[PDB]
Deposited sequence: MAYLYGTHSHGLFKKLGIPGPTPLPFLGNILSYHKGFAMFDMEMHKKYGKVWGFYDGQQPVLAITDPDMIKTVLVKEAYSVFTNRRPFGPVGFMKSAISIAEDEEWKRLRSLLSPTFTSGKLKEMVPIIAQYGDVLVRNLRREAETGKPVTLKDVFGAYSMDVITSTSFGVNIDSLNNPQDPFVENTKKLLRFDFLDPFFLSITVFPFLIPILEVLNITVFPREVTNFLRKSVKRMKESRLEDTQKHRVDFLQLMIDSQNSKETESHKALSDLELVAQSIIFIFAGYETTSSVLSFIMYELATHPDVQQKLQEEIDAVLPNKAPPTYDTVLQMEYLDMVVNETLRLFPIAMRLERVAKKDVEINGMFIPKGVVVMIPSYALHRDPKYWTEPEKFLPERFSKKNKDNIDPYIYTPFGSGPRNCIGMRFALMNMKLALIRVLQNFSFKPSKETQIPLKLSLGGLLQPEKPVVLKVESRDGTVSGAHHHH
């Protein structure tokens, strides 16, 4: 029906007029980001819309954003927008709620410290070499390289190793039952058929749950499920034991598996998308690539192996990474649910409303960014960075619920970039789409995969 559809009318908040049942979902025909930018330009700092019957309050005010993601996090905006059905995956940290979440966050918080992460480099760099060897091969038969595939396999390599102790050159081995299963853990597309229907029929979620149907394909999960059985363990620098030790408030077995699936995915798919986009930028801006190559050679003599401290010394590398994250956040939106009524920065918001920060739109707003469409690493130099509002630029979220893997992701990505840029230069191929276009779907991804010419140095 239409019971919820008078809400934003009642509070006097502007927004697209909802259709019965569908709310505003039809506006998603060209993707979240384009919907969010259209609505932002058309309504200013705040607006409201309905996913089916679910009210969503978009906010773009930096101070209101700090309020939701930080100040009122524990007391009001503790959880993300429920999404389901998920079976045992209800226990994964990113999905968990309230006290089950804070528990898992504490339990897993020590996994991603500079110390551990420091010990993860001699591992994460051994697969630096394999990627380079792989790349050099595919650059001797000098034909276009699909970044998502080569980075994909590196990305898988790194997490399987740092989290489970499993070494596999996944690129050559697309047939290892471990490689194939994990690959199938891809990001969910919220504008796909199944998810549109489940937004317009949330009253069906509990029906799917009962039938043990899940958004996480069962074949994928069940493998990884007991896959840790003889793996955890033979009865050191591994996410696994780092979690096993936390068992003997302590972590249950089926919860532990749910954490591993969550991570496997992250260190795999997020990482490889971002890496692809950086190389795309580097390839379409040779001067930036050359300046980056010079920072790398200067900090690391004759192809010297990167270390924890050398990585962190590279300023221009940091600016490149950040500037690619500005233009291509993997999140697009950040979201919390109000467990109770709230008044924030003068705005009343009833219990159950989804408050949504549209990062993609904010990352491209003319008010906060000069020439926001352009790839300009200099935006993040020492001179200009203090300019940037930490609640406008949020590629890893903010507050107690931000990305737990942030430091690992940044590190792992830069290690990859260094090893690759030390040995190669990248250039547009004939088939490189320029300018690149993002999938009109529900994921910040290229419609056509990035392909690039790889030249040895």
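Deposited-sequence ranges lacking C-alpha coordinates, in sequence order: Since the structure holds only modelled residues, the stretches it omits are 1-5, 241-247, 261-267, 477-487.
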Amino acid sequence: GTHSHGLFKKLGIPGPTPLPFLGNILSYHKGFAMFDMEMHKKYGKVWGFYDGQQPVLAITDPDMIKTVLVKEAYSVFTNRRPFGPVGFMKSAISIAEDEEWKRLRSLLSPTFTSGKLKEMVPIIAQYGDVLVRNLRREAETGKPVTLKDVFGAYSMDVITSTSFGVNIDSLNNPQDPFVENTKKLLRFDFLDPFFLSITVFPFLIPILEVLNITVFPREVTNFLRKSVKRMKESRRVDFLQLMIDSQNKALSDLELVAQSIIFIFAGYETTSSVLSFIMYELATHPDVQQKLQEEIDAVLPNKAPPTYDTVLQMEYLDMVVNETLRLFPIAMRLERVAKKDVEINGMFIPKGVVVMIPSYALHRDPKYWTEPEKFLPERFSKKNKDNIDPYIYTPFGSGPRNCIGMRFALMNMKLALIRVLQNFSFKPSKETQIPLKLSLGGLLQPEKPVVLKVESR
From here on, numbers count along this sequence of modelled residues.
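Mean C-alpha B-factor comparison - 255-263 and 120-128, higher one: Here the higher of the two C-alpha B-factor means belongs to 120-128.
Entry-level comparison of average CA B-factors, 220-228 and 372-380, reporting the higher stretch: 220-228 has the higher mean C-alpha B-factor.
Top Cα B factor in the deposited entry, candidates 316, 151, 190, 328: In this record, 190 carries the highest C-alpha B-factor of the candidates.
Out of 138, 309, 323, 97, residue topping the C-alpha B-factor column of the entry: That would be 138, according to the entry.
Chain-wide C-alpha B factor ranking for residue 13, given as lowest, middle or highest third: According to the entry, residue 13 has a C-alpha B-factor in the chain's middle third.
Residue 30 CA temperature factor, ranked by third within the chain: Answer is middle: the recorded C-alpha B-factor places it there.
Chain thirds of CA B-factor: placement of residue 438: Within its chain, residue 438 is a middle-third residue by C-alpha B-factor, going by the deposited values.
Record-listed C-alpha B factor of residue 183: chain third: Highest third, going by the recorded CA B-factors of the chain.
Residue 360 - Cα temperature factor, lowest/middle/highest third of chain: Within its chain, residue 360 is a lowest-third residue by C-alpha B-factor, going by the deposited values.
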